[PDB]
Amino acid sequence: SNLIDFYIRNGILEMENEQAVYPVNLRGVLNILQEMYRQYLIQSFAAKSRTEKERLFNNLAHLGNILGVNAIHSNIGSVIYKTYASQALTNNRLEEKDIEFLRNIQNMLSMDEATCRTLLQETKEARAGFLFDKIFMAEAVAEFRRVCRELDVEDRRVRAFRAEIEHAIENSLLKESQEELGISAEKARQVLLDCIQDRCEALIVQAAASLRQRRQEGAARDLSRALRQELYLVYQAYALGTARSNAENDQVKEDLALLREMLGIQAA
């Protein structure tokens, strides 16, 4: 039966490749017929010795003889034999290492230029992990824009800005615009109003929270005034007004006024 069939397999009757085969199966777990070809095939894609080169592909033949074109399937094969070991060199270790291992990979395979037809297909989405869930960080969400250009070269503007906001605030002005321009290197360059509606609803919390009880809203000012009750907080502007006047340096002179012109411009 499938019992005299496997007993026909008693024909192929390898121990090695046979065992290894079924072994590669029952284990990994399945068309008794299927893996049969499978394992064999990649076993052939191996190193030659004129007669093994023969028995193998020769029985590899008696195989198609079994199944008995569909042989495009021997392409769905290496396909993953690639994709796997492929994206294997995924997480940035591109090198001459990839270069190296890779080729040789497609070597013990068929694969015409199709290589690329995946080389990136992989490298491609290879990013779709990171820059997709760029949230779980922002320096990475940017790290995408870092390398997610290196290889591959919609609220995509949201993080773009958020990662631009958090990064910019923590973080010259116009060449850093080039850092926010790294964002225009992902999103449009006209979404400053999703930037402003994104950098405006931030200043507040500092106003609301710094402004609450004992000593200062001078801090929530220094950093929130790092942008570009009513007179009460205009006193933090008064507070540093003198507190800042901690040197009366040439600049201290100009940064104190316009700034105090901002809390003053952002009057109330």
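Residues numbered from 1 in each chain as written, not as in the entry; some residues may be left out. Heavy atoms only, no water. Residues with missing side-chain atoms left out of burial classes, pairs and counts.

- The record names X-ray crystallography as the way this model was obtained, at a resolution of 4.20 Å.

1. Describing the overall build of the chain
Okay, so step 1: Secondary structure assignment for the chain yields 16 helices and 0 strands.
Okay, so step 2: A principal-axis box enclosing the C-alpha atoms of the chain has dimensions of 95 × 35 × 30 Å. (Helix = DSSP H or I, 4+ residues; strand = E, 2+ residues; numbered from the N terminus.)

2. A look at unusual backbone geometry
Okay, so step 1: Despite not being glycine, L13 has its phi angle at roughly 40°, a positive value.
Okay, so step 2: Topologically, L13 is positioned in the loop between α2 (9–12) and α3 (16–28).
Okay, so step 3: Of note in the backbone geometry, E248 takes a positive phi value of approximately 50° without being a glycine.
Okay, so step 4: Mapped onto the secondary structure, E248 falls in the loop between α14 (236–243) and α15 (250–257).

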